[PDB]
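S.K.: The structure that follows is given in the form of structure tokens.
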Amino acid sequence: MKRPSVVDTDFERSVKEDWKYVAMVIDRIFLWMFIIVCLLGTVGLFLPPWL
Amino acid sequence: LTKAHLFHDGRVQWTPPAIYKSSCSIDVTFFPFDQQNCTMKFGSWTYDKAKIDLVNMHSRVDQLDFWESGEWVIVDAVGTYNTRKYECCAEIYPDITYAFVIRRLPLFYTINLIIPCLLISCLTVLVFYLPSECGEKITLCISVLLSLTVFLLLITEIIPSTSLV
Amino acid sequence: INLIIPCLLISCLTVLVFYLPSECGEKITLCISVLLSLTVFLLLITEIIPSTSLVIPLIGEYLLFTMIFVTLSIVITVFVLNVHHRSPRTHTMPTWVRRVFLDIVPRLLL
Amino acid sequence: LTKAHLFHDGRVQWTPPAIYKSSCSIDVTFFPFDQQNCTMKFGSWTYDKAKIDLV
Ligand SMILES: *[C@@H]1O[C@H](CO)[C@@H](O)[C@H](O)[C@H]1NC(C)=O
Ligand SMILES: *[C@@H]1O[C@H](CO)[C@@H](O)[C@H](O)[C@H]1NC(C)=O
Ligand SMILES: CC(=O)OCC[N+](C)(C)C
Ligand SMILES: CC(=O)OCC[N+](C)(C)C
Ligand SMILES: [Ca+2]
């Protein structure tokens, strides 16, 4: 992810936009973990029985 | 107690109908793809082997006039002759045990339970892709949780309450 | 009266989520309500019809396919909500998306 | 097992009521506009065609 390299002047808005980007980053961390777990867990639960 | 067919050489043929409710342990590990093995144990109650002895008329259970149920199919239905002693009495009592191996047809429960469950589960990870400004992240994940909670109770009303598996 | 008509009413709302403005912040509520109502009616029908695998009621197939399409609409609506809330400070618009979705497709859709 | 009407010429008439639970295969393809075909199969249990024939 490449945060758009845009510069701000107002400090309060600038920070409130940094917080808004930390929230996005945290979501993407788990979006991968849950995607991986859902694919890994479901395969590791139903595949062995099918064999 | 239907009539019996009596021949002139002493042979007697008796084929009464019956409706039996026999207890069989059910494993639901691979439900709705499970394969049940329910047995019936038949034997003379009072007469032991020295007095009444059973003979396997034919190992396979007759199925020519079997009524296709549409939900189960009998993979194998064979009777086994066994003899074993009981603490009641000193003699050997025989018995014939019929094992009905019935395989479930999974189309119905796949469409009504499995597929609806998958569709709800597909939405588990969508919440993380929503933008926090939408103000609907909680509605999405809460709805999924309750939806799955109900689906776990519907299954709880079908499968037996066995703790083995 | 007791099954078909409510099912038709719920089906009439399947595509509405795509006409709701994103600012309303209630697309998700609508599509989730539609999905859960369809699932509830599928379960209600399940308790009436026999548990056979030889045939599938046409109503059952219709409800299942509507449920599938409502799930797809939920996915697409989540994507559209994510897109709608982008700004220069978080995402940068590629040239190709600008070109396409501001010149060609809007023109094609009148 | 109601009473049977017996005539002087040896005829016997028996009209007893019955409440039968007959299994039939249900087709729900066109539910709730479906049409069912549920059968009841009656016949003598022990008397073959050479001892009792139904008309
Ligand atoms: C079914 O059960 C009987 C008795 O419990 C056993 O002898 C037989 O092997 C079983 N068959 C299968 C396929 O499980
Ligand atoms: C009903 O079933 C019987 C035998 O199952 C069949 O002979 C008959 O044609 C069926 N009735 C109709 C209207 O198809
Ligand atoms: C003698 C007698 O009544 O035995 C009954 C019990 N059983 C079937 C275990 C022998
Ligand atoms: C002889 C006798 O009792 O037969 C009963 C079975 N059935 C109905 C198939 C003839
Ligand atoms: Ca709101």
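Labels for the structure tokens follow display order: chains A, B, ..., residues from 1 in each chain, ligands from 1.
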Neighbours of ligand 4 within 9 Å, counting only C-alpha atoms and all ligand atoms, as a PyMOL selection string?
M.R.: (chain B and resi 2-5+13-17+65) or (chain D and resi 43-48)
S.K.: Kindly save the residues from that selection, with C-alpha atoms included, as a JSON list (two decimals), in the first residue's frame.
M.R.:
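Dumped everything to result-v7.json:
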[["chain", "number", "residue", "atom", "x", "y", "z"],
["B", 2, "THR", "CA", -51.78, -64.16, 9.72],
["B", 3, "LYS", "CA", -52.69, -67.65, 8.57],
["B", 4, "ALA", "CA", -49.91, -70.14, 7.90],
["B", 5, "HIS", "CA", -49.51, -72.35, 4.84],
["B", 13, "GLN", "CA", -44.80, -71.63, 6.20],
["B", 14, "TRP", "CA", -45.55, -68.42, 8.07],
["B", 15, "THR", "CA", -44.85, -64.92, 6.72],
["B", 16, "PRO", "CA", -46.60, -62.39, 8.94],
["B", 17, "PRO", "CA", -46.06, -58.67, 8.35],
["B", 65, "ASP", "CA", -40.81, -55.52, -3.26],
["D", 43, "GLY", "CA", -54.80, -58.08, -1.91],
["D", 44, "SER", "CA", -55.25, -61.32, -0.05],
["D", 45, "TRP", "CA", -52.27, -62.06, 2.16],
["D", 46, "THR", "CA", -52.22, -65.88, 2.26],
["D", 47, "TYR", "CA", -54.67, -67.12, -0.39],
["D", 48, "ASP", "CA", -53.03, -67.31, -3.81]]
S.K.: Residue 33 (chain D): which residues within 12 Å, counting only C-alpha atoms, same-chain residues fewer than 2 positions away excluded, as an mmCIF file with C-alpha atoms, in the first residue's frame?
M.R.:
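Written file, result.cif:
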data_model
loop_
_atom_site.group_PDB
_atom_site.id
_atom_site.type_symbol
_atom_site.label_atom_id
_atom_site.label_comp_id
_atom_site.auth_asym_id
_atom_site.auth_seq_id
_atom_site.Cartn_x
_atom_site.Cartn_y
_atom_site.Cartn_z
ATOM 1 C CA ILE C 4 -45.702 -17.354 -2.744
ATOM 2 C CA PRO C 57 -39.426 -27.840 -5.752
ATOM 3 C CA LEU C 58 -39.340 -25.073 -8.326
ATOM 4 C CA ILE C 59 -39.981 -22.628 -5.486
ATOM 5 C CA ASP D 27 -43.659 -35.190 -5.943
ATOM 6 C CA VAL D 28 -43.275 -31.540 -4.939
ATOM 7 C CA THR D 29 -41.848 -30.295 -8.224
ATOM 8 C CA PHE D 30 -44.798 -27.935 -8.766
ATOM 9 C CA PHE D 31 -45.657 -27.230 -5.138
ATOM 10 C CA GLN D 35 -50.662 -33.040 -8.203
ATOM 11 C CA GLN D 36 -50.107 -36.157 -6.106
#
S.K.: Mind dumping a table of every chain B residue within 10 Å of ligand 3, with the nearest atom pair and its distance in Å to one decimal, using only C-alpha atoms and all ligand atoms, sorted by chain and rising number, as JSON lines?
M.R.:
{"residue": "B:42", "atom": "CA", "partner": "ligand 3", "partner_atom_place_in_ligand_line": "8 (C)", "distance": 9.7}
{"residue": "B:43", "atom": "CA", "partner": "ligand 3", "partner_atom_place_in_ligand_line": "8 (C)", "distance": 7.3}
{"residue": "B:44", "atom": "CA", "partner": "ligand 3", "partner_atom_place_in_ligand_line": "8 (C)", "distance": 6.6}
{"residue": "B:45", "atom": "CA", "partner": "ligand 3", "partner_atom_place_in_ligand_line": "8 (C)", "distance": 4.1}
{"residue": "B:46", "atom": "CA", "partner": "ligand 3", "partner_atom_place_in_ligand_line": "3 (O)", "distance": 4.3}
{"residue": "B:47", "atom": "CA", "partner": "ligand 3", "partner_atom_place_in_ligand_line": "1 (C)", "distance": 7.0}
{"residue": "B:48", "atom": "CA", "partner": "ligand 3", "partner_atom_place_in_ligand_line": "10 (C)", "distance": 7.2}
{"residue": "B:84", "atom": "CA", "partner": "ligand 3", "partner_atom_place_in_ligand_line": "9 (C)", "distance": 9.2}
{"residue": "B:85", "atom": "CA", "partner": "ligand 3", "partner_atom_place_in_ligand_line": "9 (C)", "distance": 7.9}
{"residue": "B:86", "atom": "CA", "partner": "ligand 3", "partner_atom_place_in_ligand_line": "9 (C)", "distance": 5.6}
{"residue": "B:87", "atom": "CA", "partner": "ligand 3", "partner_atom_place_in_ligand_line": "9 (C)", "distance": 7.9}
{"residue": "B:88", "atom": "CA", "partner": "ligand 3", "partner_atom_place_in_ligand_line": "9 (C)", "distance": 6.4}
{"residue": "B:89", "atom": "CA", "partner": "ligand 3", "partner_atom_place_in_ligand_line": "1 (C)", "distance": 6.1}
{"residue": "B:90", "atom": "CA", "partner": "ligand 3", "partner_atom_place_in_ligand_line": "1 (C)", "distance": 9.2}
{"residue": "B:91", "atom": "CA", "partner": "ligand 3", "partner_atom_place_in_ligand_line": "10 (C)", "distance": 8.4}
{"residue": "B:92", "atom": "CA", "partner": "ligand 3", "partner_atom_place_in_ligand_line": "10 (C)", "distance": 8.2}
{"residue": "B:93", "atom": "CA", "partner": "ligand 3", "partner_atom_place_in_ligand_line": "10 (C)", "distance": 6.1}
{"residue": "B:94", "atom": "CA", "partner": "ligand 3", "partner_atom_place_in_ligand_line": "8 (C)", "distance": 9.0}
{"residue": "B:95", "atom": "CA", "partner": "ligand 3", "partner_atom_place_in_ligand_line": "8 (C)", "distance": 9.1}
S.K.: Please dump the current selection as a compact mmCIF listing (two decimals), in the first residue's frame; keep C-alpha atoms.
M.R.:
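Printed below is part-v8.txt as written:
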# COMPACT_ATOMS: atom_id res chain seq x y z
CA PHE B 42 -33.64 -61.72 16.05
CA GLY B 43 -33.62 -64.86 18.15
CA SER B 44 -35.81 -67.28 20.02
CA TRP B 45 -36.45 -66.04 23.54
CA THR B 46 -37.22 -69.13 25.63
CA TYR B 47 -35.85 -72.03 23.56
CA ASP B 48 -32.09 -72.53 23.42
CA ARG B 84 -23.69 -66.63 22.55
CA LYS B 85 -24.32 -67.52 26.18
CA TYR B 86 -26.17 -65.26 28.60
CA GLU B 87 -25.78 -65.02 32.36
CA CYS B 88 -29.48 -65.86 32.69
CA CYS B 89 -29.24 -69.45 31.58
CA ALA B 90 -26.65 -72.17 31.08
CA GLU B 91 -27.50 -73.08 27.48
CA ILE B 92 -26.51 -71.51 24.17
CA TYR B 93 -29.08 -69.23 22.54
CA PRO B 94 -28.62 -68.58 18.79
CA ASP B 95 -29.79 -65.46 16.98
S.K.: Could you give me the residues within 12 Å of ligand 5, counting only C-alpha atoms and all ligand atoms, as an mmCIF file with N, CA and C atoms, in the first residue's frame?
M.R.:
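Now in part_14.cif:
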data_model
loop_
_atom_site.group_PDB
_atom_site.id
_atom_site.type_symbol
_atom_site.label_atom_id
_atom_site.label_comp_id
_atom_site.auth_asym_id
_atom_site.auth_seq_id
_atom_site.Cartn_x
_atom_site.Cartn_y
_atom_site.Cartn_z
ATOM 1 N N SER B 132 -14.873 2.447 7.217
ATOM 2 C CA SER B 132 -15.416 2.774 8.528
ATOM 3 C C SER B 132 -16.400 3.930 8.471
ATOM 4 N N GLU B 133 -16.306 4.786 7.453
ATOM 5 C CA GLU B 133 -17.205 5.929 7.353
ATOM 6 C C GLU B 133 -18.628 5.522 7.002
ATOM 7 N N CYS B 134 -18.833 4.308 6.490
ATOM 8 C CA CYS B 134 -20.174 3.889 6.102
ATOM 9 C C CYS B 134 -21.101 3.735 7.298
ATOM 10 N N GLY B 135 -20.561 3.489 8.487
ATOM 11 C CA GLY B 135 -21.402 3.301 9.655
ATOM 12 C C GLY B 135 -22.296 2.087 9.570
ATOM 13 N N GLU B 136 -21.817 1.009 8.947
ATOM 14 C CA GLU B 136 -22.584 -0.226 8.865
ATOM 15 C C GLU B 136 -21.714 -1.458 9.071
ATOM 16 N N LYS B 137 -20.496 -1.307 9.592
ATOM 17 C CA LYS B 137 -19.667 -2.474 9.859
ATOM 18 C C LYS B 137 -20.302 -3.367 10.915
ATOM 19 N N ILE B 138 -20.847 -2.770 11.975
ATOM 20 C CA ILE B 138 -21.414 -3.568 13.056
ATOM 21 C C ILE B 138 -22.634 -4.343 12.574
ATOM 22 N N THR B 139 -23.444 -3.738 11.705
ATOM 23 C CA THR B 139 -24.628 -4.434 11.215
ATOM 24 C C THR B 139 -24.245 -5.670 10.415
ATOM 25 N N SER C 22 -25.290 5.877 -1.713
ATOM 26 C CA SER C 22 -24.367 5.376 -0.702
ATOM 27 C C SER C 22 -24.330 6.272 0.526
ATOM 28 N N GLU C 23 -24.670 7.554 0.377
ATOM 29 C CA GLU C 23 -24.667 8.444 1.532
ATOM 30 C C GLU C 23 -25.707 8.028 2.560
ATOM 31 N N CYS C 24 -26.782 7.370 2.123
ATOM 32 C CA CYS C 24 -27.824 6.968 3.061
ATOM 33 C C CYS C 24 -27.261 6.103 4.176
ATOM 34 N N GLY C 25 -26.231 5.317 3.884
ATOM 35 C CA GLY C 25 -25.664 4.441 4.891
ATOM 36 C C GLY C 25 -26.617 3.366 5.354
ATOM 37 N N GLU C 26 -27.476 2.875 4.459
ATOM 38 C CA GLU C 26 -28.382 1.789 4.806
ATOM 39 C C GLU C 26 -28.528 0.780 3.675
ATOM 40 N N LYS C 27 -27.589 0.746 2.730
ATOM 41 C CA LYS C 27 -27.601 -0.314 1.730
ATOM 42 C C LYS C 27 -27.437 -1.673 2.392
ATOM 43 N N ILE C 28 -26.494 -1.768 3.331
ATOM 44 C CA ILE C 28 -26.202 -3.051 3.959
ATOM 45 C C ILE C 28 -27.427 -3.566 4.694
ATOM 46 N N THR C 29 -28.121 -2.689 5.415
ATOM 47 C CA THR C 29 -29.321 -3.118 6.121
ATOM 48 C C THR C 29 -30.325 -3.730 5.156
#
S.K.: Name the residues in contact with residue 21 (chain A) at a cut-off of 12 Å, using only C-alpha atoms, excluding same-chain residues fewer than 2 positions from it; report them as a list in words.
M.R.: residues 1, 2, 3, 4, 14, 15, 16, 17, 18, 19, 23, 24, 25, 26, 27 and 28 of chain A; 131, 132 and 133 of chain B; 86, 87, 88, 89, 90 and 91 of chain C
S.K.: Write to file, as a tab-separated table (two decimals), in the first residue's frame, the residues of the selection just made, with N, CA, C and O atoms.
M.R.:
chain	number	residue	atom	x	y	z
A	1	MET	N	0.84	-1.18	0.00
A	1	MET	CA	0.00	0.00	0.00
A	1	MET	C	0.88	1.24	0.00
A	1	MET	O	1.86	1.32	0.75
A	2	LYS	N	0.54	2.20	-0.85
A	2	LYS	CA	1.28	3.45	-0.98
A	2	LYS	C	0.32	4.59	-0.63
A	2	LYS	O	-0.53	4.96	-1.44
A	3	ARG	N	0.47	5.13	0.57
A	3	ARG	CA	-0.33	6.28	0.97
A	3	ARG	C	-0.09	7.40	-0.04
A	3	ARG	O	1.06	7.75	-0.30
A	4	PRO	N	-1.14	7.96	-0.65
A	4	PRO	CA	-0.93	9.08	-1.57
A	4	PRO	C	-0.09	10.16	-0.91
A	4	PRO	O	-0.45	10.71	0.13
A	14	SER	N	-4.91	16.97	9.62
A	14	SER	CA	-3.85	16.07	9.19
A	14	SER	C	-3.78	14.84	10.09
A	14	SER	O	-3.67	13.71	9.60
A	15	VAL	N	-3.84	15.04	11.40
A	15	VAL	CA	-3.80	13.91	12.32
A	15	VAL	C	-5.07	13.07	12.18
A	15	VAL	O	-5.02	11.84	12.11
A	16	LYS	N	-6.23	13.73	12.13
A	16	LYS	CA	-7.48	13.00	11.97
A	16	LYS	C	-7.49	12.19	10.69
A	16	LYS	O	-8.27	11.24	10.58
A	17	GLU	N	-6.65	12.54	9.72
A	17	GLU	CA	-6.50	11.74	8.52
A	17	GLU	C	-5.43	10.66	8.67
A	17	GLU	O	-5.51	9.63	8.00
A	18	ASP	N	-4.44	10.88	9.53
A	18	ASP	CA	-3.51	9.81	9.86
A	18	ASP	C	-4.21	8.70	10.63
A	18	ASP	O	-4.04	7.52	10.33
A	19	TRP	N	-5.01	9.08	11.63
A	19	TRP	CA	-5.80	8.08	12.35
A	19	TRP	C	-6.68	7.31	11.39
A	19	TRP	O	-6.79	6.08	11.48
A	23	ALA	N	-6.59	3.14	10.78
A	23	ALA	CA	-7.76	2.26	10.80
A	23	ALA	C	-7.82	1.41	9.54
A	23	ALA	O	-8.10	0.21	9.61
A	24	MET	N	-7.55	2.00	8.38
A	24	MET	CA	-7.55	1.23	7.14
A	24	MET	C	-6.47	0.15	7.17
A	24	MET	O	-6.72	-0.99	6.76
A	25	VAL	N	-5.28	0.50	7.64
A	25	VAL	CA	-4.19	-0.47	7.66
A	25	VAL	C	-4.55	-1.65	8.54
A	25	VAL	O	-4.38	-2.82	8.16
A	26	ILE	N	-5.08	-1.38	9.73
A	26	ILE	CA	-5.42	-2.45	10.66
A	26	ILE	C	-6.43	-3.40	10.03
A	26	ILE	O	-6.35	-4.62	10.19
A	27	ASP	N	-7.40	-2.85	9.30
A	27	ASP	CA	-8.38	-3.71	8.63
A	27	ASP	C	-7.70	-4.62	7.62
A	27	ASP	O	-8.00	-5.82	7.57
A	28	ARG	N	-6.79	-4.08	6.82
A	28	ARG	CA	-6.16	-4.90	5.78
A	28	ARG	C	-5.32	-6.02	6.38
A	28	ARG	O	-5.19	-7.08	5.77
B	131	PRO	N	-15.60	0.47	4.38
B	131	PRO	CA	-15.00	1.68	4.93
B	131	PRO	C	-15.68	2.08	6.23
B	131	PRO	O	-16.91	2.07	6.34
B	132	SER	N	-14.87	2.45	7.22
B	132	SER	CA	-15.42	2.77	8.53
B	132	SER	C	-16.40	3.93	8.47
B	132	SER	O	-17.25	4.05	9.36
B	133	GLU	N	-16.31	4.79	7.45
B	133	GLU	CA	-17.20	5.93	7.35
B	133	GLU	C	-18.63	5.52	7.00
B	133	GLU	O	-19.55	6.32	7.19
C	86	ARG	N	-13.49	6.83	-0.97
C	86	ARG	CA	-12.08	7.06	-1.23
C	86	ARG	C	-11.84	8.54	-1.51
C	86	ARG	O	-12.71	9.24	-2.02
C	87	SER	N	-10.64	9.00	-1.17
C	87	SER	CA	-10.28	10.40	-1.32
C	87	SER	C	-8.80	10.47	-1.67
C	87	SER	O	-8.08	9.48	-1.53
C	88	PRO	N	-8.33	11.63	-2.12
C	88	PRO	CA	-6.91	11.72	-2.51
C	88	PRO	C	-5.95	11.36	-1.41
C	88	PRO	O	-4.84	10.91	-1.70
C	89	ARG	N	-6.33	11.54	-0.15
C	89	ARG	CA	-5.43	11.30	0.97
C	89	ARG	C	-5.25	9.82	1.28
C	89	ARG	O	-4.38	9.48	2.09
C	90	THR	N	-6.03	8.94	0.67
C	90	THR	CA	-5.94	7.52	0.96
C	90	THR	C	-5.73	6.67	-0.29
C	90	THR	O	-5.01	5.67	-0.23
C	91	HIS	N	-6.34	7.04	-1.41
C	91	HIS	CA	-6.18	6.31	-2.65
C	91	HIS	C	-5.96	7.29	-3.79
C	91	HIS	O	-6.41	8.43	-3.75
S.K.: Let me have all residues with an atom within 12 Å of ligand 2, counting only C-alpha atoms and all ligand atoms, laid out as a ChimeraX atom specification.
M.R.: /B:67 /D:24-27,35-41
S.K.: When the cut-off is 12 Å and you count only C-alpha atoms and all ligand atoms, which residues lie near ligand 1, shown as a PyMOL selection string?
M.R.: chain B and resi 24-27+34-41+74-82+96-103
S.K.: Quick one: residues within 8 Å of residue 35 (chain C), only C-alpha atoms counted, chain neighbours fewer than 5 positions away excluded, as a list in words?
M.R.: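 Listed by chain and then number, they are residues 67, 70 and 71 of chain C.
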S.K.: Export C-alpha atoms of the chosen residues as a tab-separated table (two decimals), in the first residue's frame?
M.R.:
chain	number	residue	atom	x	y	z
C	67	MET	CA	-30.29	-16.07	-2.38
C	70	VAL	CA	-28.53	-11.45	-3.21
C	71	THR	CA	-25.21	-12.62	-1.77
S.K.: Would you work out the distance separating CA of residue 104 (chain C) from CA of residue 75 (chain C), expressed in Å to one decimal?
M.R.: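 Separating CA of residue 104 (chain C) from CA of residue 75 (chain C) is a distance of 24.5 Å.
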S.K.: What residues in chain D get the DSSP label strand (DSSP E or B)? Please answer as a PDB file with C-alpha atoms, in the first residue's frame.
M.R.:
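Heads up, here's the output in part13.pdb:
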ATOM      1  CA  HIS D   5     -75.127 -59.264   5.662  1.00  0.00           C
ATOM      2  CA  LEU D   6     -75.925 -62.858   4.700  1.00  0.00           C
ATOM      3  CA  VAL D  12     -72.215 -62.503   1.916  1.00  0.00           C
ATOM      4  CA  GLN D  13     -71.819 -58.722   2.048  1.00  0.00           C
TER       5      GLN D  13
END
S.K.: Calculated over only C-alpha atoms, which of the candidates C:1, C:12, C:108, C:93 has the smallest distance to chain A?
M.R.: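 Going through C:1, C:12, C:108, C:93 one by one, the smallest distance to chain A is for C:93.
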S.K.: Residues at most 10 Å from residue 120 (chain B), counting only C-alpha atoms, excluding those fewer than 3 positions away in the same chain, as a list in words?
M.R.: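 Residues meeting the cut-off are residues 115, 116, 117, 123, 124, 143, 144, 145, 147, 148 and 151 of chain B; 32, 35, 36, 39, 67 and 71 of chain C.
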S.K.: I'd like a table as CSV: residues in chain C with an atom no more than 12 Å from chain D, each row giving the shortest atom pair and its distance in Å to one decimal, only C-alpha atoms counted, sorted by chain and rising residue number.
M.R.:
residue,atom,partner,partner_atom,distance
C:1,CA,D:32,CA,10.5
C:2,CA,D:32,CA,10.6
C:3,CA,D:32,CA,9.1
C:4,CA,D:32,CA,8.7
C:45,CA,D:31,CA,10.0
C:46,CA,D:28,CA,11.4
C:48,CA,D:28,CA,10.0
C:49,CA,D:28,CA,6.8
C:50,CA,D:26,CA,7.4
C:51,CA,D:26,CA,10.1
C:52,CA,D:26,CA,8.8
C:53,CA,D:27,CA,10.6
C:54,CA,D:27,CA,8.7
C:55,CA,D:29,CA,6.2
C:56,CA,D:29,CA,5.8
C:57,CA,D:29,CA,4.2
C:58,CA,D:29,CA,5.8
C:59,CA,D:31,CA,7.3
C:60,CA,D:29,CA,9.2
C:61,CA,D:29,CA,9.9
C:62,CA,D:29,CA,11.8
S.K.: Just the selected residues (N, CA and C atoms), exported as a PDB file, in the first residue's frame, please.
M.R.:
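Produced file part30.pdb, reproduced below:
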ATOM      1  N   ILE C   1     -51.203 -17.676  -0.876  1.00  0.00           N
ATOM      2  CA  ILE C   1     -51.211 -16.444  -0.094  1.00  0.00           C
ATOM      3  C   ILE C   1     -50.117 -16.466   0.963  1.00  0.00           C
ATOM      4  N   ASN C   2     -49.882 -17.620   1.585  1.00  0.00           N
ATOM      5  CA  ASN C   2     -49.009 -17.659   2.751  1.00  0.00           C
ATOM      6  C   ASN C   2     -47.527 -17.789   2.421  1.00  0.00           C
ATOM      7  N   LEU C   3     -47.164 -18.309   1.249  1.00  0.00           N
ATOM      8  CA  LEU C   3     -45.762 -18.475   0.890  1.00  0.00           C
ATOM      9  C   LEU C   3     -45.381 -17.739  -0.382  1.00  0.00           C
ATOM     10  N   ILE C   4     -46.149 -17.885  -1.462  1.00  0.00           N
ATOM     11  CA  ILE C   4     -45.702 -17.354  -2.744  1.00  0.00           C
ATOM     12  C   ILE C   4     -45.698 -15.833  -2.716  1.00  0.00           C
ATOM     13  N   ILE C  45     -40.238 -23.342   4.037  1.00  0.00           N
ATOM     14  CA  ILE C  45     -40.662 -24.320   3.039  1.00  0.00           C
ATOM     15  C   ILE C  45     -40.064 -25.683   3.352  1.00  0.00           C
ATOM     16  N   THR C  46     -38.820 -25.706   3.833  1.00  0.00           N
ATOM     17  CA  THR C  46     -38.156 -26.978   4.105  1.00  0.00           C
ATOM     18  C   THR C  46     -38.959 -27.854   5.057  1.00  0.00           C
ATOM     19  N   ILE C  48     -42.100 -28.283   5.225  1.00  0.00           N
ATOM     20  CA  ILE C  48     -43.331 -28.783   4.624  1.00  0.00           C
ATOM     21  C   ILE C  48     -43.055 -29.908   3.639  1.00  0.00           C
ATOM     22  N   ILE C  49     -42.118 -29.699   2.721  1.00  0.00           N
ATOM     23  CA  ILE C  49     -41.847 -30.653   1.651  1.00  0.00           C
ATOM     24  C   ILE C  49     -41.110 -31.864   2.208  1.00  0.00           C
ATOM     25  N   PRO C  50     -41.261 -33.042   1.609  1.00  0.00           N
ATOM     26  CA  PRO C  50     -40.543 -34.217   2.104  1.00  0.00           C
ATOM     27  C   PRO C  50     -39.044 -34.071   1.914  1.00  0.00           C
ATOM     28  N   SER C  51     -38.299 -34.801   2.739  1.00  0.00           N
ATOM     29  CA  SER C  51     -36.839 -34.783   2.677  1.00  0.00           C
ATOM     30  C   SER C  51     -36.335 -35.795   1.648  1.00  0.00           C
ATOM     31  N   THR C  52     -36.762 -35.597   0.409  1.00  0.00           N
ATOM     32  CA  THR C  52     -36.362 -36.447  -0.700  1.00  0.00           C
ATOM     33  C   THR C  52     -35.305 -35.751  -1.544  1.00  0.00           C
ATOM     34  N   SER C  53     -34.534 -36.559  -2.265  1.00  0.00           N
ATOM     35  CA  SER C  53     -33.473 -36.068  -3.128  1.00  0.00           C
ATOM     36  C   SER C  53     -33.752 -36.302  -4.604  1.00  0.00           C
ATOM     37  N   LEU C  54     -34.893 -36.896  -4.949  1.00  0.00           N
ATOM     38  CA  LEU C  54     -35.195 -37.163  -6.351  1.00  0.00           C
ATOM     39  C   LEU C  54     -35.640 -35.904  -7.083  1.00  0.00           C
ATOM     40  N   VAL C  55     -36.395 -35.032  -6.417  1.00  0.00           N
ATOM     41  CA  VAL C  55     -36.943 -33.839  -7.044  1.00  0.00           C
ATOM     42  C   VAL C  55     -36.687 -32.636  -6.148  1.00  0.00           C
ATOM     43  N   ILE C  56     -36.661 -31.465  -6.774  1.00  0.00           N
ATOM     44  CA  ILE C  56     -36.436 -30.197  -6.094  1.00  0.00           C
ATOM     45  C   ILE C  56     -37.620 -29.296  -6.415  1.00  0.00           C
ATOM     46  N   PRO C  57     -38.320 -28.745  -5.427  1.00  0.00           N
ATOM     47  CA  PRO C  57     -39.426 -27.840  -5.752  1.00  0.00           C
ATOM     48  C   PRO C  57     -38.923 -26.656  -6.557  1.00  0.00           C
ATOM     49  N   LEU C  58     -39.717 -26.244  -7.544  1.00  0.00           N
ATOM     50  CA  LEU C  58     -39.340 -25.073  -8.326  1.00  0.00           C
ATOM     51  C   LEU C  58     -39.212 -23.850  -7.432  1.00  0.00           C
ATOM     52  N   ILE C  59     -40.084 -23.733  -6.432  1.00  0.00           N
ATOM     53  CA  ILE C  59     -39.981 -22.628  -5.486  1.00  0.00           C
ATOM     54  C   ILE C  59     -38.656 -22.693  -4.739  1.00  0.00           C
ATOM     55  N   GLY C  60     -38.228 -23.897  -4.359  1.00  0.00           N
ATOM     56  CA  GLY C  60     -36.956 -24.028  -3.664  1.00  0.00           C
ATOM     57  C   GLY C  60     -35.785 -23.588  -4.519  1.00  0.00           C
ATOM     58  N   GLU C  61     -35.762 -24.023  -5.780  1.00  0.00           N
ATOM     59  CA  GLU C  61     -34.698 -23.598  -6.683  1.00  0.00           C
ATOM     60  C   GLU C  61     -34.717 -22.089  -6.871  1.00  0.00           C
ATOM     61  N   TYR C  62     -35.906 -21.513  -7.046  1.00  0.00           N
ATOM     62  CA  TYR C  62     -35.991 -20.073  -7.238  1.00  0.00           C
ATOM     63  C   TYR C  62     -35.458 -19.331  -6.023  1.00  0.00           C
TER      64      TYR C  62
END
S.K.: For the contact check between chain B and chain C, emit one row per residue of chain B within 6 Å, containing the shortest atom pair and the distance in Å rounded to one decimal, counting only C-alpha atoms, chain then rising number order, as a Markdown table.
M.R.:
| residue | atom | partner | partner_atom | distance |
| --- | --- | --- | --- | --- |
| B:70 | CA | C:52 | CA | 5.1 |
| B:71 | CA | C:52 | CA | 4.9 |
| B:107 | CA | C:53 | CA | 5.1 |
| B:108 | CA | C:53 | CA | 5.1 |
| B:130 | CA | C:82 | CA | 5.4 |
| B:131 | CA | C:82 | CA | 5.2 |
| B:134 | CA | C:25 | CA | 5.6 |
S.K.: Please determine, counting only C-alpha atoms, which residue among A:36, A:45, A:51, A:22 has the shortest atom-to-atom distance to chain C.
M.R.: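 Smallest separation from chain C among the options: A:22.
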S.K.: Chain A residues within 10 Å of chain B, counting only C-alpha atoms: which ones, as a list in words?
M.R.: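 Therefore, the residues near the partner are residues 20, 23, 24, 26, 27, 28, 29, 30, 31, 32, 33, 34, 35, 38, 46, 49 and 50 of chain A.
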S.K.: Would you pick out the contacts of residue 30 (chain C) at 10 Å or less, using only C-alpha atoms, so that residues sharing its chain but fewer than 6 positions from it are not included, and give the list as a PyMOL selection string?
M.R.: chain C and resi 13-14+16-17+20+74
S.K.: When you count only C-alpha atoms, which of these residues is closest to chain A: C:92, C:109, C:99, C:19?
M.R.: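 Answer, going by the shortest atom-to-atom distance: C:92.
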S.K.: What is the CA of residue 104 (chain B) to CA of residue 68 (chain B) distance in Å?
M.R.: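 Pair CA of residue 104 (chain B) / CA of residue 68 (chain B) returns 12.5 Å.
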S.K.: So, counting only C-alpha atoms, which residue among B:29, B:150, B:69, B:10 is closest to chain D?
M.R.: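 With only C-alpha atoms as the atom set, the closest residue is B:69.
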